[PDB]
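Right, one structure below, let's go through it.
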Amino acid sequence: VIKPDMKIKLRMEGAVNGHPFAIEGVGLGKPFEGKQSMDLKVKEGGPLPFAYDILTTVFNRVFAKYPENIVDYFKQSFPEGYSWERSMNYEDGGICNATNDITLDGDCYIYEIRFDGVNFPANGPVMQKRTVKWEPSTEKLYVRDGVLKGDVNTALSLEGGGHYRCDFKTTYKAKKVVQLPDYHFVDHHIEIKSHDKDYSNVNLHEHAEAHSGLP
Amino acid sequence: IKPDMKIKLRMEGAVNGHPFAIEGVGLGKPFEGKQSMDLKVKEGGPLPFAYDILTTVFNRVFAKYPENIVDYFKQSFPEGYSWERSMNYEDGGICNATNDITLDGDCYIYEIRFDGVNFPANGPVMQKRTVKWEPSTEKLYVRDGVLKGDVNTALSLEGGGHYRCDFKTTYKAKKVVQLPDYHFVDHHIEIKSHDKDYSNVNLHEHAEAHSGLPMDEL
Amino acid sequence: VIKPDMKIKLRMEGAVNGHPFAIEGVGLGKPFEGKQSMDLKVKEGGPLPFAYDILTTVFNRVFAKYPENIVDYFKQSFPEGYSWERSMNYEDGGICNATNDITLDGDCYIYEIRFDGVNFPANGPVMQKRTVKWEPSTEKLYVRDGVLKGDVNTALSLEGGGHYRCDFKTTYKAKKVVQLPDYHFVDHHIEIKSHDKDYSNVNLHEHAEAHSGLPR
Amino acid sequence: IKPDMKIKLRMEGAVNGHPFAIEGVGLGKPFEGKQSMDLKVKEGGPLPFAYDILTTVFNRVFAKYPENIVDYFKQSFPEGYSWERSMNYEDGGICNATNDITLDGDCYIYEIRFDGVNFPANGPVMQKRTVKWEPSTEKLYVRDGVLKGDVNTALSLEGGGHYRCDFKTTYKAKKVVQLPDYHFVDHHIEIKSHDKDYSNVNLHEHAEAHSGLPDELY
C-alpha cells in the first residue's frame, strides 16, 4: 500500500576518487504528487571535498506523478519494493556508479545506497565545488529484456554561467513480477533548498511527473 | 518569418560507403512548430538502409517558442543559420550530418550532407527493422557563443524493444543574436506515408519549446 | 626500496549489480622483470554470480619492466606509494569503477581495493559467465595535469568465440612528487592459471613490459 | 603483391560544414610496412583545421605481417577491400571516414570520403594546435565475418599534453578471405615536410603486426 503521505529513511555509503564518506537522511513525500523532501547529514568523511550536487539524484521514482494512461512500474513493486543501478558519466571523464535497494517498512521507504565516483579531475567543477544546481530534466524510460531502463542527458549549471553535462543510465528492477510500461518520460526538478557552509546539513527537494510526450 | 513558410532541400550523402542523394519540398508553420515535406530519392536507390536514420536530418525554426524563451532560430533570419550533428547509435553505427539553411523569400533552402559509418550488416538499420522515432525532449544550452543541443532518444523496433541513439547538435547563427537560457524542445517526427522502397516519403514533425517542470491555474 | 623479489597482500571489497562481495589475496612478484602471481580467495558473497574476469585487472604497475630510457613513475613513488582510480566501460553498458590504495610494508605491497560494477545485463557474457580470458593488451600512458593517465581499449575472449570489448580509463597518483614520464606504452598479459569450480580459489598471473612503440 | 607498389588517392570531404578536396600520390613497401606520399589540397584551401585529423585516413596492406598472423589485407587483392572509420575526439569533435581501395597494375587506388563535425572554435583542431600523432597500437579482431580495428590514441599538443581520440574501424574484404585471430598492429605516422598552409604535405607511415607480449639471442 502506498498512502498519500509517506516517509523516507536512507543511508548512503560511498567514495569519490578513493576517499570514503557516509550520509544518512530522513524525509517525507507524497508519491501521488511526485513531490518529496529530505534532510541529509554527513556522518563520515566530512567535510566533503567534492560538489554535493553529484549525490542528489541518488538521494526513488515512486515519487513521480503517473497519469492513469501510463503504467506505474514503481508503485506496483510495493510492498516488496525494487532496486536500481545507475551510471552517471560526466563529460570530463568523471564517472559515478550508484545503487539503491528500496524496501518498505510500514509507511516509510528505506534506502540502502552505495555510491562510487572515480576520475574526477582536480581542476574540474566537481572537485573545485563550482556547481550551482542540476537543471530540470526529462528522463526517457523503456523496457529492455524484462526490466525498466531510464536514460537522460542532463547538465549542472556552473558558477559563472556554463553547463557541465552528465549522461545517466539507470536500470530499475522490481523484486516481484509487475506489469511493464510502454516508452514514456519523467520530467524532474531537484533542488537543494538550504545547506550549511560545508554541506554537513542539506535540505533536498524533488518534483517529478511522468508523461508520454508530444502527441 | 511569415505564418506559412515553404521548404526546399537537397541531401547528398553515404551510408557504409554507399552514396545516395535525396531532394525534398515542404511547408510548415514556424509559430505553430509544425511542418511536412515530400522527399524523393534521386540517386543511390533503392536505399539499402533504414530510412529513419535520415528523418531528423530533414530545422528548429519550426518549433513553437513561448515569448518567455529567447528564440535563437527565428532571430537568425533572414541571414539564416547552420548546424552540425553526430548521431551515435548504441551498436556503434555513427552518422555525421550538416545543414546550411538560407532563406529565399518565404522558402527555407537546405543544403544537407549526411555520412553514416559502421552500421553492422545484421543490425536494425542495415536490416530495416526500425518502426519509428519515439517522441523526444531535446536539451539546449549555450557553449562558446553558440547553441548546443543534446538528446538521448530511440527508435522503436519491428519485434519490440528500442534502439538507442545519442544526438549532439551544434547550431550556429550567421549573425549576432541574443542567446537563450537552458531550455528544452519536445519533438515528435513521423513518416506519414511512403512507397515500397521509400523512394517517396511524406514526413511530418511537431516541436514545442518549454522550460521543464514549472500552467494549470484553470 | 624495490627488491628483486617482492610480496603482495590485498583485500578487495565490492559489489556487482548491487550484490556485495569481498576477496583477499596474497602473492609475489619481480618488479624489474614485470611478472607477478597471486592466490585469491572468496571471503564474502560467494559463490560469485558474475564472471571472475572483470575483477582480475584490479588485482599494480610497479610490476612492469621499464627500460632505462623511460621514466618509471611507479617505482619512483615508493616507499610512500601511490593510488589509482579506474573506470572500465564495457560495450554492452556494464561499467566497473575501481580504486586501489597501494602502500609498502618492508618487502610487501599492501592493496586496499574497492570495486563497484553496475548495469551488467542479465543475458550478457558477464552475468552468464561466458568469458574465457582477457586478450593481451597495450596500455597507453600519458601525463595530464601533473598526474599519470592510462587508457586502453581491450577485450575479453568468449566461449563460443568472439570478443567483448572494454574501455579502460585509469588515473595514477603518486603520494609524493616524482618525475613525470613521456608518452609511452605498457604491454600486458594477464591470465588465470588455475581456479576451482566456483572461483572461490584463483591463481592469477600477469606479465607486463613498458616500451615507446615503433621508432620515429 | 609486389615489393614496391604505388599509390594514388583522392579525398573529398568537409569539416564543420566546410568542403574541401585533396589528392595524393605515393609509394610503399607492403612487406616492410612502410609507405610515403605527397598530398596536395585541390579545393577548400587554405585548410582552416589541423591537417593531422586527416593523416590516418590517407591502408593496412602497408603493414609488416609475420608469418604466424593471417594477413587479411594482402589476401583481399587483386579485388581489394574497403573500410569505414569513426574517430571520436575527447572534446566531442567526431570524424567519419571511408576508403574504397582497388588495385590497378602496381598502383593502389583510394576513393576517400571524410566528414568531421562539432569541432569547437577554440579547440586544438580549429586553432591548429596539434603537433603529431603519437605512435599507436591498434587491436584487430573478427566480428560479423569482417575485421574490426579499435585504438585509443592521441595527438600531442603544441603547448604540452595530449588530445585523445578513439578509433573504430571496420575492414571489409571484397572477396572471401581467411580471417585472422585477435592481434595488434603498431603504427607510427609522421608528416615529414609541409608548406605553411599545408597545401603540400609529405606523409610517412610505418606499421607492424604482432601478437602482444610473447630474444633467445639467436
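Convention: chains lettered A, B, ... in C-alpha cells order; per-chain residue numbering from 1; ligands numbered from 1 as shown.
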Apply DSSP to the backbone of this structure and, from region 12-188 of chain A, keep only the residues in strand (DSSP E or B); write these as number ranges by chain.
-> A: 12-16, 19-30, 35-44, 65, 82-90, 95-105, 108-118, 131-134, 137-144, 147-158, 163-174, 184-188
Proximal residues of chain B relative to chain C (only C-alpha atoms; 10 Å) as a compact mmCIF listing (two decimals) with C-alpha atoms, in the first residue's frame:
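The resulting file, selection-v7.txt, is shown below:
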# COMPACT_ATOMS: atom_id res chain seq x y z
CA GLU B 90 24.20 2.07 -29.41
CA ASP B 91 25.66 -0.64 -31.68
CA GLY B 92 28.41 1.69 -32.89
Find the residues of chain A in contact range of chain C, meaning any atom within 6 Å when counting only C-alpha atoms, and list them as a list in words.
->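 Taking only C-alpha atoms into account, residues 18, 85, 99 and 118 of chain A sit within 6 Å of chain C.
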Counting only C-alpha atoms, give me one row per residue of chain D with an atom at most 12 Å from an atom of chain A, showing the shortest contact pair and its distance in Å to one decimal, sorted by chain then residue number, as JSON lines.
{"residue": "D:90", "atom": "CA", "partner": "A:92", "partner_atom": "CA", "distance": 8.5}
{"residue": "D:91", "atom": "CA", "partner": "A:91", "partner_atom": "CA", "distance": 8.5}
{"residue": "D:92", "atom": "CA", "partner": "A:91", "partner_atom": "CA", "distance": 9.2}
{"residue": "D:164", "atom": "CA", "partner": "A:93", "partner_atom": "CA", "distance": 12.0}
The selected residues should be written to file as a PDB file, in the first residue's frame (atoms: C-alpha atoms).
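Listing of out_28.pdb after writing:
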ATOM      1  CA  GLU D  90      37.692  13.774 -26.403  1.00  0.00           C
ATOM      2  CA  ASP D  91      36.135  17.255 -26.788  1.00  0.00           C
ATOM      3  CA  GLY D  92      33.291  15.872 -28.903  1.00  0.00           C
ATOM      4  CA  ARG D 164      42.750  11.987 -27.204  1.00  0.00           C
TER       5      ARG D 164
END
With a cut-off of 9 Å and counting only C-alpha atoms, select all residues of chain D in contact with chain B and give the selection as a VMD selection string.
-> chain D and resid 16 to 17 82 to 86 92 to 100 113 to 118 120 to 122 144 168 to 170
Just write the chosen residues, N, CA, C and O atoms, as a compact mmCIF listing (two decimals), in the first residue's frame.
# COMPACT_ATOMS: atom_id res chain seq x y z
N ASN D 16 33.19 20.65 -40.18
CA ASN D 16 32.26 21.66 -39.65
C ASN D 16 31.44 22.33 -40.76
O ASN D 16 31.15 23.52 -40.71
N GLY D 17 31.08 21.53 -41.76
CA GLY D 17 30.29 22.02 -42.87
C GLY D 17 31.11 22.40 -44.09
O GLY D 17 30.71 22.12 -45.23
N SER D 82 37.46 -2.43 -48.62
CA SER D 82 37.02 -1.10 -48.22
C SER D 82 37.05 -1.03 -46.70
O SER D 82 37.11 -2.05 -46.01
N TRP D 83 37.06 0.19 -46.18
CA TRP D 83 36.97 0.34 -44.73
C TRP D 83 36.18 1.59 -44.37
O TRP D 83 36.10 2.54 -45.15
N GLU D 84 35.58 1.55 -43.19
CA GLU D 84 34.84 2.66 -42.61
C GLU D 84 35.42 2.92 -41.22
O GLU D 84 35.88 2.00 -40.55
N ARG D 85 35.39 4.18 -40.79
CA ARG D 85 36.01 4.52 -39.52
C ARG D 85 35.33 5.73 -38.90
O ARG D 85 35.00 6.69 -39.59
N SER D 86 35.14 5.68 -37.58
CA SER D 86 34.72 6.83 -36.79
C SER D 86 35.85 7.19 -35.83
O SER D 86 36.40 6.31 -35.16
N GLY D 92 34.54 16.04 -28.19
CA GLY D 92 33.29 15.87 -28.90
C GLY D 92 33.37 16.02 -30.41
O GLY D 92 32.40 15.67 -31.10
N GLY D 93 34.46 16.56 -30.95
CA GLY D 93 34.64 16.51 -32.39
C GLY D 93 34.71 15.07 -32.86
O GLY D 93 35.34 14.22 -32.24
N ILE D 94 34.01 14.78 -33.96
CA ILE D 94 33.86 13.42 -34.48
C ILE D 94 34.06 13.42 -36.00
O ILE D 94 33.46 14.24 -36.71
N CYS D 95 34.92 12.54 -36.50
CA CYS D 95 35.16 12.40 -37.93
C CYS D 95 34.79 10.99 -38.39
O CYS D 95 35.25 10.01 -37.80
N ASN D 96 33.97 10.91 -39.43
CA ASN D 96 33.65 9.65 -40.10
C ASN D 96 34.38 9.61 -41.43
O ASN D 96 34.39 10.61 -42.16
N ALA D 97 34.99 8.47 -41.75
CA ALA D 97 35.74 8.36 -42.99
C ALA D 97 35.55 6.98 -43.60
O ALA D 97 35.36 6.00 -42.89
N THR D 98 35.61 6.94 -44.93
CA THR D 98 35.55 5.71 -45.71
C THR D 98 36.63 5.74 -46.78
O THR D 98 37.00 6.80 -47.29
N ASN D 99 37.12 4.55 -47.14
CA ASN D 99 38.12 4.41 -48.19
C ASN D 99 37.80 3.15 -48.97
O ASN D 99 37.69 2.07 -48.38
N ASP D 100 37.63 3.28 -50.28
CA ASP D 100 37.45 2.15 -51.17
C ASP D 100 38.76 1.94 -51.92
O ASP D 100 39.15 2.79 -52.74
N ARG D 113 36.21 9.42 -48.55
CA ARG D 113 35.28 10.43 -48.08
C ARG D 113 35.57 10.70 -46.61
O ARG D 113 35.84 9.78 -45.84
N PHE D 114 35.49 11.98 -46.21
CA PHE D 114 35.87 12.41 -44.87
C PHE D 114 34.89 13.47 -44.38
O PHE D 114 34.71 14.49 -45.05
N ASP D 115 34.28 13.27 -43.22
CA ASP D 115 33.31 14.24 -42.71
C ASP D 115 33.46 14.38 -41.20
O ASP D 115 33.18 13.43 -40.46
N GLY D 116 33.90 15.55 -40.76
CA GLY D 116 34.06 15.86 -39.35
C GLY D 116 33.11 16.94 -38.92
O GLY D 116 32.88 17.91 -39.65
N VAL D 117 32.55 16.79 -37.71
CA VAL D 117 31.59 17.74 -37.18
C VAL D 117 31.87 18.01 -35.71
O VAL D 117 32.55 17.24 -35.03
N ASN D 118 31.34 19.14 -35.23
CA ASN D 118 31.32 19.51 -33.81
C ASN D 118 32.71 19.75 -33.24
O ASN D 118 32.94 19.54 -32.05
N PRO D 120 34.94 22.36 -31.71
CA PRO D 120 34.72 23.70 -31.18
C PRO D 120 35.72 24.71 -31.74
O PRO D 120 36.85 24.36 -32.09
N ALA D 121 35.27 25.96 -31.84
CA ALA D 121 36.09 27.02 -32.43
C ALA D 121 37.40 27.22 -31.68
O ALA D 121 38.42 27.55 -32.29
N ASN D 122 37.39 27.03 -30.36
CA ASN D 122 38.55 27.28 -29.52
C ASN D 122 39.35 26.01 -29.21
O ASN D 122 40.27 26.05 -28.39
N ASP D 144 31.38 -10.26 -37.05
CA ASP D 144 30.46 -10.49 -38.18
C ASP D 144 30.99 -10.97 -39.62
O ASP D 144 30.56 -10.74 -40.81
N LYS D 168 37.41 3.63 -34.29
CA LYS D 168 36.69 2.38 -34.54
C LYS D 168 36.63 2.20 -36.05
O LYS D 168 36.04 3.03 -36.75
N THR D 169 37.27 1.13 -36.54
CA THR D 169 37.37 0.85 -37.97
C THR D 169 36.75 -0.50 -38.29
O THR D 169 36.94 -1.47 -37.54
N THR D 170 36.06 -0.57 -39.42
CA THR D 170 35.56 -1.83 -39.96
C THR D 170 36.23 -2.06 -41.31
O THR D 170 36.14 -1.20 -42.19
One decimal, Å: what's the distance from CA of residue 140 (chain D) over to CA of residue 62 (chain D), could you say?
->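 CA of residue 140 (chain D) sits 15.2 Å away from CA of residue 62 (chain D).
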Per residue of chain B within 12 Å of chain A, which atom pair is closest and at what distance in Å (one decimal), using only C-alpha atoms, listed by chain and increasing number, as JSON lines?
{"residue": "B:33", "atom": "CA", "partner": "A:214", "partner_atom": "CA", "distance": 11.5}
{"residue": "B:34", "atom": "CA", "partner": "A:214", "partner_atom": "CA", "distance": 11.8}
{"residue": "B:133", "atom": "CA", "partner": "A:183", "partner_atom": "CA", "distance": 11.2}
{"residue": "B:134", "atom": "CA", "partner": "A:183", "partner_atom": "CA", "distance": 7.9}
{"residue": "B:135", "atom": "CA", "partner": "A:213", "partner_atom": "CA", "distance": 6.0}
{"residue": "B:136", "atom": "CA", "partner": "A:213", "partner_atom": "CA", "distance": 7.0}
{"residue": "B:137", "atom": "CA", "partner": "A:138", "partner_atom": "CA", "distance": 6.7}
{"residue": "B:138", "atom": "CA", "partner": "A:138", "partner_atom": "CA", "distance": 8.7}
{"residue": "B:139", "atom": "CA", "partner": "A:154", "partner_atom": "CA", "distance": 7.4}
{"residue": "B:140", "atom": "CA", "partner": "A:154", "partner_atom": "CA", "distance": 9.9}
{"residue": "B:141", "atom": "CA", "partner": "A:163", "partner_atom": "CA", "distance": 7.6}
{"residue": "B:142", "atom": "CA", "partner": "A:162", "partner_atom": "CA", "distance": 7.6}
{"residue": "B:143", "atom": "CA", "partner": "A:162", "partner_atom": "CA", "distance": 7.2}
{"residue": "B:144", "atom": "CA", "partner": "A:162", "partner_atom": "CA", "distance": 9.2}
{"residue": "B:145", "atom": "CA", "partner": "A:162", "partner_atom": "CA", "distance": 10.9}
{"residue": "B:147", "atom": "CA", "partner": "A:163", "partner_atom": "CA", "distance": 11.9}
{"residue": "B:148", "atom": "CA", "partner": "A:163", "partner_atom": "CA", "distance": 10.8}
{"residue": "B:149", "atom": "CA", "partner": "A:153", "partner_atom": "CA", "distance": 10.4}
{"residue": "B:150", "atom": "CA", "partner": "A:153", "partner_atom": "CA", "distance": 7.0}
{"residue": "B:151", "atom": "CA", "partner": "A:153", "partner_atom": "CA", "distance": 6.4}
{"residue": "B:152", "atom": "CA", "partner": "A:152", "partner_atom": "CA", "distance": 6.3}
{"residue": "B:153", "atom": "CA", "partner": "A:140", "partner_atom": "CA", "distance": 7.6}
{"residue": "B:154", "atom": "CA", "partner": "A:140", "partner_atom": "CA", "distance": 9.1}
{"residue": "B:155", "atom": "CA", "partner": "A:183", "partner_atom": "CA", "distance": 10.6}
{"residue": "B:156", "atom": "CA", "partner": "A:183", "partner_atom": "CA", "distance": 9.2}
{"residue": "B:157", "atom": "CA", "partner": "A:144", "partner_atom": "CA", "distance": 11.7}
{"residue": "B:160", "atom": "CA", "partner": "A:144", "partner_atom": "CA", "distance": 9.3}
{"residue": "B:161", "atom": "CA", "partner": "A:144", "partner_atom": "CA", "distance": 6.3}
{"residue": "B:162", "atom": "CA", "partner": "A:142", "partner_atom": "CA", "distance": 7.6}
{"residue": "B:163", "atom": "CA", "partner": "A:144", "partner_atom": "CA", "distance": 10.0}
{"residue": "B:164", "atom": "CA", "partner": "A:151", "partner_atom": "CA", "distance": 9.5}
{"residue": "B:165", "atom": "CA", "partner": "A:151", "partner_atom": "CA", "distance": 10.7}
{"residue": "B:166", "atom": "CA", "partner": "A:153", "partner_atom": "CA", "distance": 8.9}
{"residue": "B:167", "atom": "CA", "partner": "A:153", "partner_atom": "CA", "distance": 9.9}
{"residue": "B:168", "atom": "CA", "partner": "A:153", "partner_atom": "CA", "distance": 10.4}
{"residue": "B:180", "atom": "CA", "partner": "A:161", "partner_atom": "CA", "distance": 11.9}
{"residue": "B:181", "atom": "CA", "partner": "A:161", "partner_atom": "CA", "distance": 9.5}
{"residue": "B:182", "atom": "CA", "partner": "A:135", "partner_atom": "CA", "distance": 7.9}
{"residue": "B:183", "atom": "CA", "partner": "A:136", "partner_atom": "CA", "distance": 8.7}
{"residue": "B:184", "atom": "CA", "partner": "A:137", "partner_atom": "CA", "distance": 8.7}
{"residue": "B:185", "atom": "CA", "partner": "A:214", "partner_atom": "CA", "distance": 10.1}
{"residue": "B:186", "atom": "CA", "partner": "A:214", "partner_atom": "CA", "distance": 6.5}
{"residue": "B:187", "atom": "CA", "partner": "A:214", "partner_atom": "CA", "distance": 6.5}
{"residue": "B:188", "atom": "CA", "partner": "A:214", "partner_atom": "CA", "distance": 6.0}
{"residue": "B:189", "atom": "CA", "partner": "A:214", "partner_atom": "CA", "distance": 9.7}
{"residue": "B:190", "atom": "CA", "partner": "A:215", "partner_atom": "CA", "distance": 10.9}
{"residue": "B:205", "atom": "CA", "partner": "A:214", "partner_atom": "CA", "distance": 10.4}
{"residue": "B:206", "atom": "CA", "partner": "A:214", "partner_atom": "CA", "distance": 7.8}
{"residue": "B:207", "atom": "CA", "partner": "A:214", "partner_atom": "CA", "distance": 7.8}
{"residue": "B:208", "atom": "CA", "partner": "A:214", "partner_atom": "CA", "distance": 8.3}
{"residue": "B:209", "atom": "CA", "partner": "A:214", "partner_atom": "CA", "distance": 11.0}
{"residue": "B:210", "atom": "CA", "partner": "A:136", "partner_atom": "CA", "distance": 10.9}
{"residue": "B:211", "atom": "CA", "partner": "A:136", "partner_atom": "CA", "distance": 7.9}
{"residue": "B:212", "atom": "CA", "partner": "A:136", "partner_atom": "CA", "distance": 5.7}
{"residue": "B:213", "atom": "CA", "partner": "A:187", "partner_atom": "CA", "distance": 6.2}
{"residue": "B:214", "atom": "CA", "partner": "A:189", "partner_atom": "CA", "distance": 8.7}
Which chain D residues have any atom within 8 Å of an atom of chain C, and for each, what is the nearest pair of atoms with distance in Å to one decimal, counting only C-alpha atoms, rows sorted by chain and number, as a Markdown table?
| residue | atom | partner | partner_atom | distance |
| --- | --- | --- | --- | --- |
| D:134 | CA | C:183 | CA | 7.9 |
| D:135 | CA | C:213 | CA | 5.9 |
| D:136 | CA | C:213 | CA | 6.9 |
| D:137 | CA | C:138 | CA | 6.7 |
| D:139 | CA | C:154 | CA | 7.5 |
| D:141 | CA | C:163 | CA | 7.6 |
| D:142 | CA | C:162 | CA | 7.1 |
| D:143 | CA | C:162 | CA | 7.0 |
| D:150 | CA | C:153 | CA | 7.0 |
| D:151 | CA | C:153 | CA | 6.5 |
| D:152 | CA | C:152 | CA | 6.3 |
| D:153 | CA | C:140 | CA | 7.6 |
| D:161 | CA | C:144 | CA | 6.3 |
| D:162 | CA | C:142 | CA | 7.6 |
| D:182 | CA | C:135 | CA | 7.9 |
| D:186 | CA | C:214 | CA | 6.4 |
| D:187 | CA | C:214 | CA | 6.4 |
| D:188 | CA | C:214 | CA | 6.0 |
| D:206 | CA | C:214 | CA | 7.7 |
| D:207 | CA | C:214 | CA | 7.7 |
| D:211 | CA | C:136 | CA | 7.8 |
| D:212 | CA | C:136 | CA | 5.7 |
| D:213 | CA | C:187 | CA | 6.1 |
Would you export the selected residues with N, CA and C atoms as a short mmCIF file (atom, residue, chain, number, x, y, z; two decimals), in the first residue's frame, please?
data_model
loop_
_atom_site.label_atom_id
_atom_site.label_comp_id
_atom_site.auth_asym_id
_atom_site.auth_seq_id
_atom_site.Cartn_x
_atom_site.Cartn_y
_atom_site.Cartn_z
N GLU D 134 50.91 10.48 -31.76
CA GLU D 134 51.85 9.60 -31.11
C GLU D 134 51.86 8.26 -31.85
N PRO D 135 52.91 7.46 -31.69
CA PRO D 135 52.82 6.06 -32.13
C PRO D 135 51.63 5.39 -31.45
N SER D 136 51.11 4.34 -32.09
CA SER D 136 49.92 3.69 -31.57
C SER D 136 50.02 2.18 -31.72
N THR D 137 49.14 1.48 -31.00
CA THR D 137 48.97 0.04 -31.13
C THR D 137 47.48 -0.25 -31.29
N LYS D 139 44.17 -2.66 -32.01
CA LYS D 139 43.69 -4.01 -31.71
C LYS D 139 42.74 -4.44 -32.82
N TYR D 141 40.29 -7.63 -34.49
CA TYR D 141 39.53 -8.80 -34.08
C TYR D 141 38.38 -8.98 -35.06
N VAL D 142 37.94 -10.21 -35.19
CA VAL D 142 36.88 -10.52 -36.12
C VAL D 142 35.54 -10.22 -35.48
N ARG D 143 34.66 -9.59 -36.24
CA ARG D 143 33.27 -9.51 -35.84
C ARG D 143 32.50 -9.55 -37.15
N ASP D 150 40.20 -1.34 -33.31
CA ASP D 150 40.00 -0.32 -32.29
C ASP D 150 41.34 0.17 -31.79
N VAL D 151 41.46 1.49 -31.61
CA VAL D 151 42.64 2.03 -30.95
C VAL D 151 42.27 3.35 -30.29
N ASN D 152 42.71 3.52 -29.05
CA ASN D 152 42.58 4.77 -28.36
C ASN D 152 43.98 5.43 -28.46
N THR D 153 44.11 6.52 -29.20
CA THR D 153 45.40 7.15 -29.43
C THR D 153 45.32 8.64 -29.08
N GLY D 161 51.00 18.32 -23.26
CA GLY D 161 49.83 17.49 -23.10
C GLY D 161 49.36 16.84 -24.38
N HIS D 162 48.25 16.12 -24.25
CA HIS D 162 47.73 15.29 -25.33
C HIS D 162 46.23 15.46 -25.50
N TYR D 182 42.68 -12.62 -33.07
CA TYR D 182 42.92 -11.35 -32.39
C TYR D 182 44.40 -11.02 -32.42
N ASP D 186 51.18 -2.19 -34.63
CA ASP D 186 51.83 -0.96 -34.18
C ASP D 186 51.94 0.02 -35.34
N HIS D 187 51.67 1.30 -35.07
CA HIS D 187 51.75 2.35 -36.09
C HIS D 187 52.68 3.48 -35.66
N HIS D 188 53.23 4.18 -36.65
CA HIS D 188 53.83 5.49 -36.41
C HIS D 188 53.72 6.29 -37.70
N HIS D 206 54.80 3.87 -40.86
CA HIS D 206 55.46 2.60 -40.58
C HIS D 206 54.53 1.79 -39.69
N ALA D 207 54.27 0.53 -40.06
CA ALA D 207 53.32 -0.29 -39.32
C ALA D 207 53.77 -1.75 -39.31
N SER D 211 51.60 -10.09 -31.94
CA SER D 211 50.63 -10.79 -31.11
C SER D 211 50.75 -10.43 -29.63
N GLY D 212 51.31 -9.27 -29.31
CA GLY D 212 51.39 -8.84 -27.93
C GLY D 212 52.55 -9.50 -27.20
N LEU D 213 52.59 -9.30 -25.89
CA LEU D 213 53.66 -9.86 -25.08
C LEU D 213 53.78 -11.33 -25.36
#
Spatial neighbours of region 38-48 of chain D, max dist 8 Å, only C-alpha atoms, sep filter under 4 positions, as a ChimeraX atom specification = /D:18-26,126,128,197-203
Residues of the last selection are to be written out with C-alpha atoms, as an mmCIF file, in the first residue's frame.
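Written output follows (out-v2.cif):
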data_model
loop_
_atom_site.group_PDB
_atom_site.id
_atom_site.type_symbol
_atom_site.label_atom_id
_atom_site.label_comp_id
_atom_site.auth_asym_id
_atom_site.auth_seq_id
_atom_site.Cartn_x
_atom_site.Cartn_y
_atom_site.Cartn_z
ATOM 1 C CA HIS D 18 33.126 23.487 -44.948
ATOM 2 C CA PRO D 19 34.049 21.342 -48.025
ATOM 3 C CA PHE D 20 37.478 20.515 -49.316
ATOM 4 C CA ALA D 21 39.342 18.080 -51.575
ATOM 5 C CA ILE D 22 42.851 16.585 -51.568
ATOM 6 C CA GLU D 23 44.745 14.338 -53.975
ATOM 7 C CA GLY D 24 47.849 12.296 -53.287
ATOM 8 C CA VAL D 25 50.434 10.113 -54.978
ATOM 9 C CA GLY D 26 52.863 7.837 -53.208
ATOM 10 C CA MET D 126 40.207 24.564 -35.350
ATOM 11 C CA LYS D 128 45.681 24.274 -35.335
ATOM 12 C CA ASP D 197 49.261 26.372 -45.089
ATOM 13 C CA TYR D 198 49.697 22.598 -45.660
ATOM 14 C CA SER D 199 48.649 22.763 -49.310
ATOM 15 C CA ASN D 200 51.658 20.442 -49.781
ATOM 16 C CA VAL D 201 52.397 17.609 -47.333
ATOM 17 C CA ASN D 202 54.902 14.756 -47.422
ATOM 18 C CA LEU D 203 53.472 11.952 -45.268
#
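The spacing separating CA of residue 33 (chain A) from CA of residue 65 (chain A) amounts to 5.1 Å.
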Name the residues of region 36-215 of chain B that fall into alpha helix (DSSP H) according to DSSP on the backbone, using the chain letters and numbers of this document, as a list in words.
->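 So, restricting region 36-215 of chain B to alpha helix (DSSP H), we get residues 52, 53, 54, 55, 72, 73, 74 and 75 of chain B.
Residues with any atom within 6 Å of residue 6 (chain B), counting only C-alpha atoms and excluding same-chain neighbours fewer than 2 positions away, are residues 26, 27 and 107 of chain B.
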Any chance you can output those residues with N, CA and C atoms as an mmCIF file, in the first residue's frame?
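Saved result, result.cif, follows:
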data_model
loop_
_atom_site.group_PDB
_atom_site.id
_atom_site.type_symbol
_atom_site.label_atom_id
_atom_site.label_comp_id
_atom_site.auth_asym_id
_atom_site.auth_seq_id
_atom_site.Cartn_x
_atom_site.Cartn_y
_atom_site.Cartn_z
ATOM 1 N N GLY B 26 8.640 21.102 -49.069
ATOM 2 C CA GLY B 26 7.708 21.036 -47.967
ATOM 3 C C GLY B 26 7.174 22.393 -47.575
ATOM 4 N N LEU B 27 6.407 22.396 -46.488
ATOM 5 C CA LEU B 27 5.791 23.605 -45.963
ATOM 6 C C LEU B 27 5.624 23.445 -44.458
ATOM 7 N N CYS B 107 10.767 30.848 -48.542
ATOM 8 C CA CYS B 107 11.207 29.465 -48.670
ATOM 9 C C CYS B 107 12.563 29.294 -48.008
#
Could you please determine the separation between CA of residue 68 (chain C) and CA of residue 217 (chain D) in Å, to one decimal place?
->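 Those two atoms sit 20.2 Å apart.
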Nearby residues (only C-alpha atoms) at most 8 Å from region 19-25 of chain B, same-chain spacing under 4 positions excluded, as a VMD selection string = chain B and resid 6 to 15 37 to 45 47
